[PDB]
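Structure file input.pdb (PDB, C-alpha atoms and all ligand atoms) is printed below.
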ATOM      1  CA  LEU A  54      13.582  -0.383-131.520  1.00  0.00           C
ATOM      2  CA  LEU A  55      13.771  -3.432-133.789  1.00  0.00           C
ATOM      3  CA  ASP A  56      16.757  -5.432-135.031  1.00  0.00           C
ATOM      4  CA  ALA A  57      17.282  -8.666-136.950  1.00  0.00           C
ATOM      5  CA  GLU A  58      17.445 -10.724-133.750  1.00  0.00           C
ATOM      6  CA  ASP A  59      14.298  -9.087-132.353  1.00  0.00           C
ATOM      7  CA  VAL A  60      12.241 -10.467-135.261  1.00  0.00           C
ATOM      8  CA  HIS A  61      14.032 -13.838-135.593  1.00  0.00           C
ATOM      9  CA  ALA A  62      15.577 -12.741-138.889  1.00  0.00           C
ATOM     10  CA  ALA A  63      19.015 -13.223-140.401  1.00  0.00           C
ATOM     11  CA  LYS A  64      21.362 -10.269-140.014  1.00  0.00           C
ATOM     12  CA  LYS A  65      21.760  -7.992-143.035  1.00  0.00           C
ATOM     13  CA  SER A  66      25.459  -8.953-143.106  1.00  0.00           C
ATOM     14  CA  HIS A  67      25.389 -12.622-142.097  1.00  0.00           C
ATOM     15  CA  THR A  68      27.531 -15.611-143.045  1.00  0.00           C
ATOM     16  CA  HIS A  69      26.945 -19.362-143.109  1.00  0.00           C
ATOM     17  CA  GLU A  70      29.321 -22.053-141.907  1.00  0.00           C
ATOM     18  CA  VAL A  71      31.399 -23.857-144.509  1.00  0.00           C
ATOM     19  CA  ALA A  72      29.891 -27.050-145.885  1.00  0.00           C
ATOM     20  CA  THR A  73      30.703 -30.362-144.203  1.00  0.00           C
ATOM     21  CA  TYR A  74      30.355 -34.048-145.061  1.00  0.00           C
ATOM     22  CA  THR A  75      26.594 -33.848-144.401  1.00  0.00           C
ATOM     23  CA  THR A  76      25.424 -30.199-144.496  1.00  0.00           C
ATOM     24  CA  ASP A  77      25.783 -27.725-147.351  1.00  0.00           C
ATOM     25  CA  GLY A  78      26.887 -24.089-147.212  1.00  0.00           C
ATOM     26  CA  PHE A  79      29.942 -22.038-148.145  1.00  0.00           C
ATOM     27  CA  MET A  80      33.327 -23.473-149.067  1.00  0.00           C
ATOM     28  CA  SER A  81      36.552 -22.542-147.326  1.00  0.00           C
ATOM     29  CA  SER A  82      38.725 -20.070-149.217  1.00  0.00           C
ATOM     30  CA  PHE A  83      41.717 -22.410-149.336  1.00  0.00           C
ATOM     31  CA  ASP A  84      39.359 -25.037-150.761  1.00  0.00           C
ATOM     32  CA  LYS A  85      38.656 -22.543-153.553  1.00  0.00           C
ATOM     33  CA  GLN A  86      42.405 -22.150-154.043  1.00  0.00           C
ATOM     34  CA  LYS A  87      42.686 -25.948-154.133  1.00  0.00           C
ATOM     35  CA  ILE A  88      40.030 -26.435-156.815  1.00  0.00           C
ATOM     36  CA  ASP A  89      41.448 -23.553-158.857  1.00  0.00           C
ATOM     37  CA  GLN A  90      44.791 -25.364-158.607  1.00  0.00           C
ATOM     38  CA  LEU A  91      43.211 -28.602-159.850  1.00  0.00           C
ATOM     39  CA  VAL A  92      41.806 -26.841-162.931  1.00  0.00           C
ATOM     40  CA  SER A  93      44.627 -25.465-165.105  1.00  0.00           C
ATOM     41  CA  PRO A  94      47.382 -26.560-162.696  1.00  0.00           C
ATOM     42  CA  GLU A  95      50.499 -25.647-164.727  1.00  0.00           C
ATOM     43  CA  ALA A  96      52.353 -27.414-161.905  1.00  0.00           C
ATOM     44  CA  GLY A  97      55.932 -27.935-163.017  1.00  0.00           C
ATOM     45  CA  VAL A  98      57.016 -29.648-166.213  1.00  0.00           C
ATOM     46  CA  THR A  99      54.609 -32.370-167.328  1.00  0.00           C
ATOM     47  CA  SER A 100      57.016 -33.935-169.839  1.00  0.00           C
ATOM     48  CA  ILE A 101      60.663 -33.166-170.592  1.00  0.00           C
ATOM     49  CA  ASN A 102      61.431 -34.079-174.219  1.00  0.00           C
ATOM     50  CA  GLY A 103      58.606 -36.608-174.118  1.00  0.00           C
ATOM     51  CA  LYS A 104      59.832 -38.213-170.882  1.00  0.00           C
ATOM     52  CA  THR A 105      58.006 -38.519-167.555  1.00  0.00           C
ATOM     53  CA  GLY A 106      58.897 -39.850-164.130  1.00  0.00           C
TER      54      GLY A 106
ATOM     55  CA  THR B  99      58.904 -27.083-161.152  1.00  0.00           C
ATOM     56  CA  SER B 100      61.096 -25.406-163.776  1.00  0.00           C
ATOM     57  CA  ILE B 101      64.426 -25.747-165.580  1.00  0.00           C
ATOM     58  CA  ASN B 102      66.307 -22.548-166.498  1.00  0.00           C
ATOM     59  CA  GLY B 103      63.032 -20.639-166.259  1.00  0.00           C
ATOM     60  CA  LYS B 104      61.113 -23.028-168.535  1.00  0.00           C
ATOM     61  CA  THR B 105      57.861 -24.709-167.498  1.00  0.00           C
ATOM     62  CA  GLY B 106      55.432 -27.118-169.119  1.00  0.00           C
ATOM     63  CA  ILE B 107      56.278 -28.948-172.334  1.00  0.00           C
ATOM     64  CA  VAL B 108      59.948 -27.973-172.643  1.00  0.00           C
ATOM     65  CA  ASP B 109      62.694 -29.342-174.903  1.00  0.00           C
ATOM     66  CA  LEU B 110      66.193 -28.377-173.754  1.00  0.00           C
ATOM     67  CA  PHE B 111      69.311 -28.537-175.925  1.00  0.00           C
ATOM     68  CA  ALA B 112      73.035 -27.868-175.605  1.00  0.00           C
ATOM     69  CA  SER B 113      72.770 -24.118-176.213  1.00  0.00           C
ATOM     70  CA  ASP B 114      69.878 -24.064-173.737  1.00  0.00           C
ATOM     71  CA  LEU B 115      72.316 -25.272-171.051  1.00  0.00           C
ATOM     72  CA  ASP B 116      75.263 -23.277-172.480  1.00  0.00           C
ATOM     73  CA  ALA B 117      76.701 -26.518-173.877  1.00  0.00           C
ATOM     74  CA  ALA B 118      78.381 -27.351-177.176  1.00  0.00           C
ATOM     75  CA  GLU B 119      76.921 -29.547-179.907  1.00  0.00           C
ATOM     76  CA  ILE B 120      78.451 -32.811-181.105  1.00  0.00           C
ATOM     77  CA  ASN B 121      79.404 -31.192-184.431  1.00  0.00           C
ATOM     78  CA  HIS B 122      80.746 -27.907-183.069  1.00  0.00           C
ATOM     79  CA  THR B 123      83.796 -25.925-184.170  1.00  0.00           C
ATOM     80  CA  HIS B 124      86.259 -24.036-181.971  1.00  0.00           C
ATOM     81  CA  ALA B 125      88.311 -20.909-182.545  1.00  0.00           C
ATOM     82  CA  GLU B 126      91.189 -21.462-184.954  1.00  0.00           C
ATOM     83  CA  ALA B 127      94.675 -21.627-183.469  1.00  0.00           C
ATOM     84  CA  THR B 128      96.518 -18.294-183.452  1.00  0.00           C
ATOM     85  CA  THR B 129      99.777 -16.938-182.037  1.00  0.00           C
ATOM     86  CA  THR B 130      98.016 -16.194-178.719  1.00  0.00           C
ATOM     87  CA  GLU B 131      95.301 -18.870-178.348  1.00  0.00           C
ATOM     88  CA  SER B 132      95.303 -22.621-178.909  1.00  0.00           C
ATOM     89  CA  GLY B 133      92.761 -24.037-181.318  1.00  0.00           C
ATOM     90  CA  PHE B 134      92.106 -26.037-184.455  1.00  0.00           C
ATOM     91  CA  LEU B 135      94.958 -26.276-186.945  1.00  0.00           C
ATOM     92  CA  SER B 136      94.282 -24.075-189.961  1.00  0.00           C
ATOM     93  CA  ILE B 137      94.123 -25.399-193.515  1.00  0.00           C
ATOM     94  CA  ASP B 138      97.042 -23.192-194.573  1.00  0.00           C
ATOM     95  CA  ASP B 139      99.181 -24.447-191.680  1.00  0.00           C
ATOM     96  CA  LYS B 140      98.429 -28.073-192.578  1.00  0.00           C
ATOM     97  CA  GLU B 141      99.258 -27.432-196.241  1.00  0.00           C
ATOM     98  CA  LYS B 142     102.534 -25.728-195.301  1.00  0.00           C
ATOM     99  CA  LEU B 143     103.476 -28.601-192.982  1.00  0.00           C
ATOM    100  CA  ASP B 144     102.683 -31.173-195.679  1.00  0.00           C
ATOM    101  CA  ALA B 145     104.660 -29.261-198.318  1.00  0.00           C
ATOM    102  CA  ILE B 146     107.689 -28.893-196.026  1.00  0.00           C
TER     103      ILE B 146
HETATM  104 FE    FE A 201      84.872 -29.434-178.227  1.00  0.00          FE
END
Output the structure of this file as structure tokens.
Ligand SMILES: [Fe+3]
Amino acid sequence: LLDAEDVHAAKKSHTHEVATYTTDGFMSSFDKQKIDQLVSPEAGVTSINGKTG
Amino acid sequence: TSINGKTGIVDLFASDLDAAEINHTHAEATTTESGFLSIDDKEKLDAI
């Protein structure tokens, strides 16, 4: 009987570690939420009657 | 985050905060409620 490990092959349903400062790979899901927050943030009121701060 | 359910570029006014304008009129004075003096009452007072 053969399996993915028996032939030094990646499992049919396999996952990679999230990317780090030096190695690539997936991104963490909350990182995806973060970047989707950065683009089109609609975070609060940007200006109130032309006033900020 | 929001003011009165408004987000983003929002301009609020007196009626937006349930407030009265500078040039706003009240209910005229009657026999049961206090208010602005009517024109007829002022004319009658002046004539008397
Ligand atoms: Fe008033």
How close does each residue of chain B get to ligand FE 201 (chain A), giving the shortest atom pair and distance in Å to one decimal for every residue with an atom at most 8 Å away, counting all atoms listed in the file, sorted by chain and residue number, as CSV?
residue,atom,partner,partner_atom,distance
B:118,CA,A:FE201,FE,6.9
B:120,CA,A:FE201,FE,7.8
B:122,CA,A:FE201,FE,6.5
B:123,CA,A:FE201,FE,7.0
B:124,CA,A:FE201,FE,6.7
At most 7 Å to chain A: residues in chain B, all atoms listed in the file, as a list in words: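 Result, ordered by chain then number: residues 99, 100, 105, 106, 107, 108 and 109 of chain B.
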Please report as CSV every residue of stretch 56-75 of chain A lying within 10 Å of stretch 81-88 of chain A, along with the nearest atom pair and their distance in Å (one decimal), using only C-alpha atoms.
residue,atom,partner,partner_atom,distance
A:70,CA,A:81,CA,9.0
A:71,CA,A:81,CA,6.0
A:72,CA,A:81,CA,8.2
Length of the atom CA of residue B:102 to atom CA of residue B:116 vector [Å]: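 According to the coordinates, atom CA of residue B:102 and atom CA of residue B:116 are separated by 10.8 Å.
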Å distance separating atom CA of residue B:145 from atom CA of residue B:121, one decimal place: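 Rounded to one decimal, the two atoms are 28.9 Å apart.
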Å distance separating atom CA of residue A:67 from atom CA of residue A:89, one decimal place: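 These two atoms are separated by 25.7 Å.
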Test item: residues at most 12 Å from residue B:126, only C-alpha atoms, excluding those fewer than 5 positions along its chain, as a PyMOL selection string: chain B and resi 131-139
Quick one: what's the axis-aligned box for stretch 114-130 of chain B, all listed atoms, 6 Å on every side, centre and edges in Å to one decimal, as AutoDock Vina command-line options?
--center_x 84.8 --center_y -24.5 --center_z -178.0 --size_x 41.9 --size_y 28.6 --size_z 25.9
